[PDB]
Amino acid sequence: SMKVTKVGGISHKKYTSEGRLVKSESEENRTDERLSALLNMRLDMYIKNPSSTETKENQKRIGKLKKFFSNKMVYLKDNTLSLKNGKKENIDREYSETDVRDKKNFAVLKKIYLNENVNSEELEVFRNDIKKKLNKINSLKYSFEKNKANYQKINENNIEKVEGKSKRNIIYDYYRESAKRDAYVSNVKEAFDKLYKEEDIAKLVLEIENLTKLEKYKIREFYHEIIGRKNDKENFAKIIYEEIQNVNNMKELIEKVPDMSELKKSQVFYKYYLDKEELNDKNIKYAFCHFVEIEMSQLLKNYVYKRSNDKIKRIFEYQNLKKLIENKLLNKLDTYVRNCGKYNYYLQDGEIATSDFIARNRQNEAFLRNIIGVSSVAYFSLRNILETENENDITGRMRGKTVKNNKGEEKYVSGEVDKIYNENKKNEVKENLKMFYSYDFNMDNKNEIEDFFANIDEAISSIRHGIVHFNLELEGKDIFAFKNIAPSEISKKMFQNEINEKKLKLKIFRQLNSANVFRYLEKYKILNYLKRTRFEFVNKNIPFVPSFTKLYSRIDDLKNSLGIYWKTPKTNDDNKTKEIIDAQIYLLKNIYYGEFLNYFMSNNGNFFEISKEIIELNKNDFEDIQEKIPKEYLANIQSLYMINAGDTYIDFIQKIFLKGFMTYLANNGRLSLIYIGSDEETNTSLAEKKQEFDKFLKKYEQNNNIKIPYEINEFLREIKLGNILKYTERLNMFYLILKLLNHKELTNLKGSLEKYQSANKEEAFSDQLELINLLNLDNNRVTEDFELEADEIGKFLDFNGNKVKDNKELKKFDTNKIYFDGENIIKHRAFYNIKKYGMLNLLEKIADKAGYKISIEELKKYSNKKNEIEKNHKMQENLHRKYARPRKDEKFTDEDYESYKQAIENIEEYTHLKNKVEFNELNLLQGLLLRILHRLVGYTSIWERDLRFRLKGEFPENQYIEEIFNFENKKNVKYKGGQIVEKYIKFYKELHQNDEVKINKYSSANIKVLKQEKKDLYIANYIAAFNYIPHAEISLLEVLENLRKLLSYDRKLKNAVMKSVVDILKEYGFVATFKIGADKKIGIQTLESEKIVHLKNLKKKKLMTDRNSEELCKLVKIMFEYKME
RNA sequence: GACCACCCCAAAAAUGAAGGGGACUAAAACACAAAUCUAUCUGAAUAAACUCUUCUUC
RNA sequence: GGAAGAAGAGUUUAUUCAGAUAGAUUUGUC
């Protein structure tokens, strides 16, 4: 296989004139340039040792011969065989003597090995190998030329259609219409029947079925016989070409040669005549045999030739294969009319759909869907915050609605923000709101509150409405516009409150204190630091910068290596020493990421000058002297290092930074810090400081208004953070959502914007990313005190074979006191999160019917094993030292390994138990569900787009067709009311009232069946509206069953559903096996934990532990099959 | 009957449709393969600091 | 509105192992 793109940054892009290979993002045509490159013969190609069979000594001999010839090639620049070298070669190698390849070529190959002679005439051996390459490269350059933009828009002065000009597409248009679909299918079947006959096919399948390595030539050899290659080539090929010259028409050609094989005459029509003559029903038939052939060859190419073991019978049996190729050419045809719709929207009348235009749609749409997770997981929390009792969606109704009724002219409707009071839930919602947002809500002063919830709602919607329903003109950058929301007082103040200069500084102050910086540094020395260095709440990855902790770890050893100019902290007390070291690591950690990186990556750079010191010492103890910039350089260093193998790359890069950082410290006057611990005199002064500072901090966080003491302010005043976020309205509303977000949806949201920024050189989202990095700091952590109730906890407990409803029984259950201390419940982070996002009633049900509960026997194991995890962790810690960084003589005795194995195994058990006990396993499940759900909406998104695609493609004329997808029903003449589904059915029913025989399946009797079962279209409503919650009328397995039915129009989509589900489980740590029946109803056969590979590079057996407990895997299984009742 | 895709282009001589391409289209946006590095968050452990709760004993 | 001993939870910080997302480079593609 020749890889002609993605090497050299070349890509094939399509342009109106022609299709060309392009480089970078320039439009210059580099086809000839790149191909001319590949017309070389790589000399190893000549020798190989694939199998187990060879003796090692011989096998080593040949492996050797491989690497040597891998850097020499043969080309013909101008009728002369010639040689080239890829790379430098060792000046001296003892070649010695060392029937290895096909015989003819040997003479020159040995001489080449020993350097002996040009023997240019003797390079003619390889002439025939090249003219074959040259013919491949040639046929290719044409396969590139003919792949070109072929979709065009005609205004028509009236009509405004889009159509394709590919020869392929000229045949789609003919059958573009629904009416012609049945003829298009027969023509296919004619063609399949002409080429392929049951006896011969029945016998191919035997051969494919009976496959022996490289007996595949048997199948190829057989296929050519079926296709009569020998007849066409031997008999008709030359006559056809020359005669092709003699006549203009296909018709005129046929008269000249009337005994032309059917396939060889379809192939002819396609290349020469299809493009340019009127198509008649007689003419079009010619095109089909070529189309069906390609589909089989494509099947053979994909299945027999390259790659599952006996499924092949499924697609290759005569009766199946026939249907397969029919559906296929239908699927290909249906996606062409959809493409006509799509381009009809985006193209001015002149235009053609070039690769530049096409490419940006996929990228834009795809990004936008990632943001589907954000709105969905945020809605669900907004549902949690106010304990609504709507089976139905609550989007868009936080506020009371007063209407003119059919009678009496005025009436007022429930405001979900207005049930808060009607239902006497003010207390529960107050505490619920506080958990997400830190503000002292007044649940009187209702207007303030109603105006606030209406912020979270409208915020989430501004997103949801854009992504869930295809929006033609939505662009990536604007998803977080939050266009019509105007923040309310409660939101304005809180965002001002949280992103406050003082509060932010008090967070760096708190860090500094807990690092023991305030108890081991004099006030004046600190102020010198603060006037000098800035703080960032999170670091960024400059590309090549090694981790500080890795760097710090290696300080003592290197100074022996290089004149470090440092002294480690040492002291009488070990306990102080660790404390002091943290202070040193925290202060230093701060300069590196920040002040130094700026200087070191800086043009006014230490880095080039230092870098040679590392180089020079290494020579004393060969890396490049090419100037440029540090990231490219170091990159270049990577390449040299890799190519040799013989680790040493990390040291150079580690060594550059350590000496770079120190000399930086000494040079720019931070050096005093070595003596941070040092003097007992001063420390006694500072002994009460860390304690006293901590006492305040709680005081200030609890109050947030406390007068600040003078001693603290001196410090607060000289801290510098770098730029504070400007207040933005958009930022404030973005802030409201971020807090609603779950912990994984934040991490995924963040990686999504960073992808957008990396992908296109736009820093847009720069502000929004800053906020996340601030909030992501403690979003999961338990910010404030919260309360859970035993009856809520109880739901997952087996007390004497019953759930616990009572604070009093909770005592009987908890002999060991993990849940209850006897007056208040224990408040683990895990509990904290379950309250926020727990959908405990549903969770309660699923667990209940999966036999998941927590038992006393399990509690008594957790406490027993809790007593010994310190050891097992200390064990793992030290042992990993031995593996990773080992002493001069140390070995991993197998006993070391068994000891390790046992430790990690004891830890997984404790962890697995601990997670169940603490309700983390339930939190994991909660999120897995919301992800599966919200991922599914994304599918509804395509379908809702594909529909209006094929519509405008099918019926450009119909003005009304767009009405179906516009939710602004004032604006619609027809299909005035409803949802996309309902408007389409009305459209569909009218579309064929007149029918050969009654078309309509959407009868009122039938539609009623559909709506209840969530079958056909109606599944899209179940999915997009999140109706699965909270009842689970239908199963996830069922949903998947008819979501796929719903996407059966596009193959690629229909069989991507289960990939997105298998892959979403792997993220969460489950490996799933499903079975899909002849009935096509999904079931789960197994669910099991993904594994962790420990000690990845030991000659010993793979050691691993499961990611999730079998009890949990058993609970994800039932979740999927969980139906109501 | 998916996980185990899909669409486009190559047929005289170059019947090797035994070939190539695709952020172009799905996989919720940058070919896979392999190996490093890093940012962020999360789980499990330990140490120091502060805060709150529970228990036992005179 | 009494002392003195056990405990636990939360938060901050340094460190060890692991995962998930995302970013950077290298190597190579019968």
# chains A, B, ... in the order shown; residues from 1 in each chain; ligands from 1
$ select_by_dssp --residues "range 750-965 of chain A" --states "strand (DSSP E or B)" --output "list in words"
residues 797, 798, 799, 802, 820, 825, 854 and 855 of chain A
$ interface_residues --of "chain A" --to "chain C" --cutoff "6 Å" --atoms "only C-alpha atoms (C1' of nucleotides)" --output "VMD selection string"
chain A and resid 514 to 515 543 582 638 to 639 747 to 748 751 827 877
$ closest_atom_pairs --of "chain A" --to "chain B" --cutoff "7 Å" --atoms "only C-alpha atoms (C1' of nucleotides)" --output "tab-separated table"
residue	atom	partner	partner_atom	distance
A:6	CA	B:31	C1'	7.0
A:12	CA	B:21	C1'	6.8
A:135	CA	B:14	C1'	4.5
A:136	CA	B:14	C1'	6.5
A:138	CA	B:14	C1'	6.8
A:139	CA	B:14	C1'	6.0
A:140	CA	B:10	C1'	6.5
A:142	CA	B:10	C1'	6.6
A:143	CA	B:10	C1'	4.3
A:144	CA	B:9	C1'	6.6
A:146	CA	B:9	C1'	6.1
A:147	CA	B:9	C1'	4.9
A:229	CA	B:15	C1'	6.1
A:233	CA	B:15	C1'	5.8
A:237	CA	B:12	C1'	6.3
A:238	CA	B:12	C1'	5.7
A:241	CA	B:12	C1'	5.2
A:294	CA	B:17	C1'	6.3
A:297	CA	B:17	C1'	5.8
A:308	CA	B:4	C1'	6.2
A:355	CA	B:24	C1'	5.4
A:358	CA	B:24	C1'	5.5
A:359	CA	B:24	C1'	5.2
A:362	CA	B:29	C1'	6.5
A:363	CA	B:29	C1'	3.9
A:364	CA	B:29	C1'	6.9
A:366	CA	B:29	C1'	5.5
A:367	CA	B:29	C1'	5.9
A:369	CA	B:28	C1'	5.0
A:370	CA	B:28	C1'	5.2
A:514	CA	B:49	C1'	6.4
A:539	CA	B:39	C1'	6.8
A:540	CA	B:39	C1'	5.3
A:541	CA	B:39	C1'	4.9
A:543	CA	B:38	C1'	6.7
A:544	CA	B:37	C1'	6.4
A:579	CA	B:48	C1'	7.0
A:690	CA	B:49	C1'	6.9
A:691	CA	B:49	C1'	6.3
A:694	CA	B:50	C1'	5.1
A:695	CA	B:50	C1'	5.7
A:698	CA	B:51	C1'	6.9
A:747	CA	B:41	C1'	5.9
A:759	CA	B:30	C1'	6.9
A:821	CA	B:54	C1'	4.8
A:822	CA	B:54	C1'	6.4
A:870	CA	B:45	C1'	6.5
A:873	CA	B:45	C1'	5.8
A:911	CA	B:44	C1'	6.3
A:938	CA	B:28	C1'	6.4
A:1052	CA	B:6	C1'	4.9
A:1053	CA	B:26	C1'	5.9
A:1055	CA	B:2	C1'	5.2
A:1056	CA	B:27	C1'	6.6
A:1058	CA	B:2	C1'	6.0
A:1059	CA	B:3	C1'	5.2
A:1062	CA	B:3	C1'	6.2
A:1076	CA	B:1	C1'	5.4
A:1077	CA	B:1	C1'	6.1
A:1078	CA	B:1	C1'	6.5
$ write_last_selection --atoms "C-alpha atoms" --output "mmCIF file, in the first residue's frame"
data_model
loop_
_atom_site.group_PDB
_atom_site.id
_atom_site.type_symbol
_atom_site.label_atom_id
_atom_site.label_comp_id
_atom_site.auth_asym_id
_atom_site.auth_seq_id
_atom_site.Cartn_x
_atom_site.Cartn_y
_atom_site.Cartn_z
ATOM 1 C CA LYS A 6 -0.619 12.598 5.202
ATOM 2 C CA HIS A 12 -6.332 15.695 -1.673
ATOM 3 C CA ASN A 135 1.813 3.040 -14.269
ATOM 4 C CA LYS A 136 0.203 2.942 -10.849
ATOM 5 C CA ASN A 138 -0.141 7.344 -13.528
ATOM 6 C CA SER A 139 -3.535 5.791 -13.145
ATOM 7 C CA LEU A 140 -3.636 7.414 -9.714
ATOM 8 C CA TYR A 142 -6.094 10.498 -12.893
ATOM 9 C CA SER A 143 -8.141 9.182 -9.989
ATOM 10 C CA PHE A 144 -7.163 12.435 -8.310
ATOM 11 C CA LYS A 146 -11.393 13.254 -11.753
ATOM 12 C CA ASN A 147 -12.319 13.620 -8.082
ATOM 13 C CA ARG A 229 -11.560 -10.625 -17.704
ATOM 14 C CA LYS A 233 -8.617 -8.218 -22.498
ATOM 15 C CA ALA A 237 -10.053 -4.543 -25.753
ATOM 16 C CA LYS A 238 -7.972 -3.064 -28.616
ATOM 17 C CA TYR A 241 -10.462 1.468 -28.199
ATOM 18 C CA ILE A 294 -17.849 -1.873 -8.150
ATOM 19 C CA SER A 297 -15.221 -5.442 -5.806
ATOM 20 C CA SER A 308 -15.614 -11.409 11.461
ATOM 21 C CA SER A 355 -13.825 20.856 -0.516
ATOM 22 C CA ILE A 358 -17.877 21.237 2.581
ATOM 23 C CA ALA A 359 -15.189 20.822 5.163
ATOM 24 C CA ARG A 362 -18.729 19.017 9.358
ATOM 25 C CA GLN A 363 -16.380 20.732 11.780
ATOM 26 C CA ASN A 364 -18.928 23.305 12.841
ATOM 27 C CA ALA A 366 -19.719 18.369 15.112
ATOM 28 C CA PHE A 367 -18.355 20.802 17.640
ATOM 29 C CA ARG A 369 -23.109 18.746 19.195
ATOM 30 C CA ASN A 370 -20.518 18.311 21.932
ATOM 31 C CA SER A 514 -1.531 25.810 53.824
ATOM 32 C CA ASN A 539 -0.996 26.129 34.764
ATOM 33 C CA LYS A 540 -0.911 25.610 31.028
ATOM 34 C CA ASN A 541 0.974 23.013 29.093
ATOM 35 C CA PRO A 543 4.585 21.885 24.802
ATOM 36 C CA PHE A 544 7.834 20.434 25.953
ATOM 37 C CA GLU A 579 6.555 21.062 55.968
ATOM 38 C CA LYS A 690 -0.337 29.242 60.054
ATOM 39 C CA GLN A 691 -2.817 28.360 62.762
ATOM 40 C CA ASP A 694 -6.362 29.385 59.039
ATOM 41 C CA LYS A 695 -8.704 30.429 61.816
ATOM 42 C CA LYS A 698 -12.901 30.001 57.925
ATOM 43 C CA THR A 747 -14.021 18.100 31.990
ATOM 44 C CA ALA A 759 -8.128 23.340 15.660
ATOM 45 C CA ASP A 821 -22.696 9.541 64.372
ATOM 46 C CA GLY A 822 -25.821 9.252 66.441
ATOM 47 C CA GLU A 870 -2.175 2.253 54.862
ATOM 48 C CA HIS A 873 -0.599 1.830 49.879
ATOM 49 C CA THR A 911 -11.813 0.779 46.811
ATOM 50 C CA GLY A 938 -27.392 14.152 19.085
ATOM 51 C CA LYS A 1052 -23.541 4.911 8.355
ATOM 52 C CA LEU A 1053 -25.809 6.472 10.953
ATOM 53 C CA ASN A 1055 -24.866 1.357 12.532
ATOM 54 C CA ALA A 1056 -23.058 4.027 14.486
ATOM 55 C CA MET A 1058 -24.210 0.972 18.996
ATOM 56 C CA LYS A 1059 -20.669 2.186 18.557
ATOM 57 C CA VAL A 1062 -20.080 0.658 23.342
ATOM 58 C CA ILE A 1076 -29.012 -8.153 18.137
ATOM 59 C CA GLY A 1077 -31.642 -10.665 17.113
ATOM 60 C CA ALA A 1078 -33.298 -11.638 13.901
#
$ atom_distance --atom1 "CA of residue 614 in chain A" --atom2 "CA of residue 887 in chain A"
24.7 Å
$ select_by_dssp --residues "range 779-877 of chain A" --states "alpha helix (DSSP H)" --output "ChimeraX atom specification"
/A:790-794,807-813,829-837,840-848,856-866,869-877
$ write_last_selection --atoms "N, CA and C atoms" --output "compact mmCIF listing (two decimals), in the first residue's frame"
# COMPACT_ATOMS: atom_id res chain seq x y z
N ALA A 790 -31.99 10.14 56.41
CA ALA A 790 -31.82 8.70 56.52
C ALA A 790 -32.78 7.96 55.62
N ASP A 791 -34.00 8.49 55.51
CA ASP A 791 -35.00 7.89 54.63
C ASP A 791 -34.52 7.95 53.18
N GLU A 792 -33.82 9.02 52.81
CA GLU A 792 -33.18 9.12 51.52
C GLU A 792 -32.04 8.13 51.38
N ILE A 793 -31.20 8.02 52.40
CA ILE A 793 -30.08 7.06 52.38
C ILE A 793 -30.61 5.65 52.37
N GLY A 794 -31.67 5.45 53.12
CA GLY A 794 -32.13 4.13 53.41
C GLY A 794 -32.42 3.34 52.18
N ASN A 807 -34.19 7.36 61.53
CA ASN A 807 -32.92 7.72 62.11
C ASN A 807 -32.54 6.72 63.15
N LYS A 808 -33.55 6.20 63.84
CA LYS A 808 -33.33 5.23 64.89
C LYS A 808 -32.85 3.86 64.38
N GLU A 809 -33.38 3.37 63.27
CA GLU A 809 -32.92 2.09 62.73
C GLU A 809 -31.56 2.28 62.11
N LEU A 810 -31.29 3.48 61.58
CA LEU A 810 -30.01 3.74 60.95
C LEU A 810 -28.90 3.49 61.97
N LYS A 811 -29.19 3.76 63.24
CA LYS A 811 -28.27 3.41 64.30
C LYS A 811 -28.06 1.90 64.42
N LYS A 812 -29.14 1.14 64.40
CA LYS A 812 -29.01 -0.31 64.51
C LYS A 812 -28.18 -0.88 63.36
N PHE A 813 -28.37 -0.33 62.17
CA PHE A 813 -27.61 -0.76 61.02
C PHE A 813 -26.15 -0.42 61.14
N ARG A 829 -18.08 13.51 50.67
CA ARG A 829 -18.25 14.18 49.40
C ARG A 829 -19.21 13.38 48.54
N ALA A 830 -19.11 12.06 48.61
CA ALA A 830 -19.92 11.21 47.76
C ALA A 830 -21.40 11.45 48.00
N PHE A 831 -21.76 11.63 49.26
CA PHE A 831 -23.12 11.96 49.63
C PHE A 831 -23.54 13.32 49.12
N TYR A 832 -22.60 14.25 49.18
CA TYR A 832 -22.85 15.62 48.81
C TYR A 832 -23.30 15.69 47.37
N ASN A 833 -22.62 14.93 46.54
CA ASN A 833 -22.94 14.91 45.14
C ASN A 833 -24.21 14.22 44.79
N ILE A 834 -24.59 13.22 45.56
CA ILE A 834 -25.79 12.47 45.26
C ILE A 834 -27.02 13.35 45.45
N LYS A 835 -26.95 14.27 46.41
CA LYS A 835 -28.06 15.18 46.65
C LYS A 835 -28.26 16.12 45.49
N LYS A 836 -27.16 16.65 44.97
CA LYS A 836 -27.21 17.58 43.85
C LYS A 836 -27.79 16.95 42.61
N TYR A 837 -27.27 15.79 42.26
CA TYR A 837 -27.64 15.17 40.99
C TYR A 837 -28.35 13.88 41.15
N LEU A 840 -32.96 10.00 43.00
CA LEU A 840 -32.95 8.89 43.90
C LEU A 840 -34.14 7.99 43.73
N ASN A 841 -35.26 8.55 43.37
CA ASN A 841 -36.43 7.72 43.21
C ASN A 841 -36.31 6.74 42.07
N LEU A 842 -35.78 7.17 40.94
CA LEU A 842 -35.47 6.28 39.83
C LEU A 842 -34.34 5.32 40.13
N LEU A 843 -33.31 5.83 40.78
CA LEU A 843 -32.15 5.07 41.15
C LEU A 843 -32.62 4.02 42.11
N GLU A 844 -33.53 4.41 42.98
CA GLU A 844 -34.03 3.53 44.02
C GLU A 844 -34.69 2.37 43.36
N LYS A 845 -35.46 2.66 42.32
CA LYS A 845 -36.21 1.64 41.61
C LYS A 845 -35.33 0.67 40.86
N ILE A 846 -34.34 1.20 40.16
CA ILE A 846 -33.47 0.35 39.37
C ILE A 846 -32.69 -0.57 40.26
N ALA A 847 -32.16 -0.02 41.34
CA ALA A 847 -31.38 -0.82 42.25
C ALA A 847 -32.28 -1.84 42.84
N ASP A 848 -33.49 -1.43 43.17
CA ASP A 848 -34.38 -2.26 43.93
C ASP A 848 -34.61 -3.51 43.14
N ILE A 856 -24.87 -5.23 55.94
CA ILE A 856 -24.05 -5.11 57.13
C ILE A 856 -22.76 -5.87 56.92
N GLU A 857 -22.86 -6.99 56.26
CA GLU A 857 -21.69 -7.79 56.02
C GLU A 857 -20.69 -6.99 55.19
N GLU A 858 -21.20 -6.20 54.25
CA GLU A 858 -20.36 -5.31 53.45
C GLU A 858 -19.79 -4.18 54.28
N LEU A 859 -20.61 -3.58 55.14
CA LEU A 859 -20.09 -2.58 56.03
C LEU A 859 -18.98 -3.12 56.96
N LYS A 860 -19.14 -4.35 57.42
CA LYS A 860 -18.14 -4.93 58.32
C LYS A 860 -16.86 -5.31 57.61
N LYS A 861 -16.91 -5.51 56.29
CA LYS A 861 -15.69 -5.66 55.49
C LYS A 861 -14.97 -4.33 55.25
N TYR A 862 -15.73 -3.30 54.89
CA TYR A 862 -15.15 -1.96 54.68
C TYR A 862 -14.33 -1.54 55.91
N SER A 863 -14.95 -1.63 57.09
CA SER A 863 -14.25 -1.24 58.31
C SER A 863 -13.07 -2.15 58.61
N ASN A 864 -13.22 -3.45 58.36
CA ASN A 864 -12.09 -4.33 58.58
C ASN A 864 -10.97 -3.96 57.65
N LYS A 865 -11.26 -3.81 56.36
CA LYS A 865 -10.19 -3.50 55.43
C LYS A 865 -9.72 -2.08 55.54
N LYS A 866 -10.54 -1.20 56.08
CA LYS A 866 -10.07 0.16 56.30
C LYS A 866 -8.83 0.15 57.21
N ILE A 869 -5.38 -0.52 54.77
CA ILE A 869 -5.02 0.14 53.52
C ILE A 869 -3.76 0.98 53.62
N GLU A 870 -3.42 1.50 54.78
CA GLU A 870 -2.17 2.25 54.86
C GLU A 870 -0.99 1.41 54.38
N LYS A 871 -0.93 0.16 54.82
CA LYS A 871 0.19 -0.73 54.47
C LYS A 871 0.21 -0.91 52.96
N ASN A 872 -0.90 -1.42 52.45
CA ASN A 872 -1.01 -1.73 51.04
C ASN A 872 -0.66 -0.55 50.17
N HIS A 873 -1.01 0.65 50.60
CA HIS A 873 -0.60 1.83 49.88
C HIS A 873 0.88 2.10 50.06
N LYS A 874 1.40 1.98 51.27
CA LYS A 874 2.83 2.16 51.46
C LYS A 874 3.60 1.12 50.66
N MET A 875 3.06 -0.09 50.61
CA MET A 875 3.65 -1.16 49.82
C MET A 875 3.73 -0.74 48.36
N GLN A 876 2.59 -0.36 47.79
CA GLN A 876 2.57 0.00 46.40
C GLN A 876 3.53 1.15 46.15
N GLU A 877 3.60 2.10 47.08
CA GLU A 877 4.40 3.29 46.86
C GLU A 877 5.86 2.94 46.76
$ atom_distance --atom1 "CA of residue 118 in chain A" --atom2 "CA of residue 644 in chain A"
28.7 Å
$ atom_distance --atom1 "CA of residue 902 in chain A" --atom2 "CA of residue 918 in chain A"
23.9 Å
$ closest_residue --among "A:996, A:61, A:567, A:867" --to "residue 910 in chain A" --atoms "only C-alpha atoms"
A:867
